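First, one chain by itself in structure tokens, the form deposited in one PDB entry.
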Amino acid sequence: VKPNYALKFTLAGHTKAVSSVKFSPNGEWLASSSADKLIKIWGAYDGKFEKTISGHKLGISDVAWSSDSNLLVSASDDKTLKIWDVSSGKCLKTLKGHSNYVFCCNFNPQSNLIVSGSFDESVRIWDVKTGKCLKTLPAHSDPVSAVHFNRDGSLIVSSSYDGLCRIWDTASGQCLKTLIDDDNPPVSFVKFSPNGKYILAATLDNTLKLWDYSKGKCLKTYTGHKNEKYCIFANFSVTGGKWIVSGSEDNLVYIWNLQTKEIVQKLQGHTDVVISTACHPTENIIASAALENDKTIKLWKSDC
């Protein structure tokens, strides 16, 4: 019915706002990225600081794991992405081509491609092994807020401050569908559901929506949080109860029942906007991270 997430660890070390937290697919790590130009690796279960990964010349707005938990990709204001070997901490490739800040990134499930979105209004598709840019999509007419592959890798969903949500054919780069075709409000985050049938989208009017991709129709709307300014990550929680999880500009983590749309819990503790949340792949564990008045990551655990 409702979860009982409670604060277990607070992870300190970043010196500017945290921008993104992500659990490794094998469950043992949390990665965090920050405006302080650093990636940090933490033990997922005990919050134990593991290492700092450094090399970007300006702040990092997103980081993402490969399917095998061995690689990270980061998106930076230095206009590049970097692919990192987590074990060594070494930068394997620097992905050059965007002409403005890189804001968002993800691997495909095969982990042979990286997709990126930028303030230059484009979506780029990159070959992981060579670091070459395979395609540049003129996807949007304002900064790109999120990019995500579906479960079989054949689709990319993108969102932008231009108000659009578009779905792209990975193989050809051509647009399959414009899911949201408004010019306002900004679409500040999007992500496929784990089975690839639905799309979770945030708009900067304090709204999250669950869309049916195939039918192009809105199935659920989630409200009650504060989101009018920042591109805040949102998540499907699937290890226990089926929830939607999101940060909020009132410094709380919100948890909703996916089916009934009722708020089931609000997690209090951060002292700034909760910009990023992540859900552990096998345990009922949430990671949350906050902006510059706070700069910490918090690990929360639930019995269900």
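Don't overthink the numbering: it's just position in the shown sequence, from 1. Each form is matched to the other, and the largest set of C-alpha atoms that superpose within 1.5 Å is called the rigid core. Only residues modelled in both forms are compared.
Heads up, the form solved in complex with a small molecule isn't pictured, but that's what we're talking about next.
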_My question is simply whether residue 263 lines the interface with the small molecule in the deposited bound form - judged by any non-hydrogen atom within 4.5 Å._
no
*Consider residue 92 of the chain shown here, and say whether it contacts the small molecule in the deposited bound form, taking contact as heavy atoms within 4.5 Å.*
no
_With a cut-off of 4.5 Å between heavy atoms, is residue 258 one of the residues that contacts the small molecule in the deposited bound form?_
yes
*Spell out, yes or no, whether the shortest heavy atom distance between residue 138 and the small molecule in the deposited bound form is within 4.5 Å.*
no
*Spot the stretch among 122-130, 218-226, 107-115, 173-181 with residues whose non-hydrogen atoms come within 4.5 Å of the small molecule in the deposited bound form.*
218-226
*Which residue, 210, 167, 83, 86, has a heavy atom that falls within 4.5 Å of the small molecule in the deposited bound form?*
210
_27, 65 and 69 - do all three of these have some heavy atom no more than 4.5 Å from the small molecule in the deposited bound form?_
no
*asked:* After superposing on the rigid core, which residue out of 180, 137, 113, 204 has its C-alpha displaced by 2 Å or more between this form and the one not shown?
replied: 180
*Between residue 205 and residue 181, does the Cα distance in the deposited bound form come out closer or farther than in this form, changing by 3 Å or more?*
closer
*Given that the distance between the C-alpha atoms of residue 181 and residue 224 changes by 3 Å or more in the deposited bound form, do they end up closer or farther than here?*
closer
*Superpose the two forms on the rigid core, then report in sequence order the stretches of at least three consecutive residues whose Cα positions each move 2 Å or more between this form and the one not shown.*
180-184
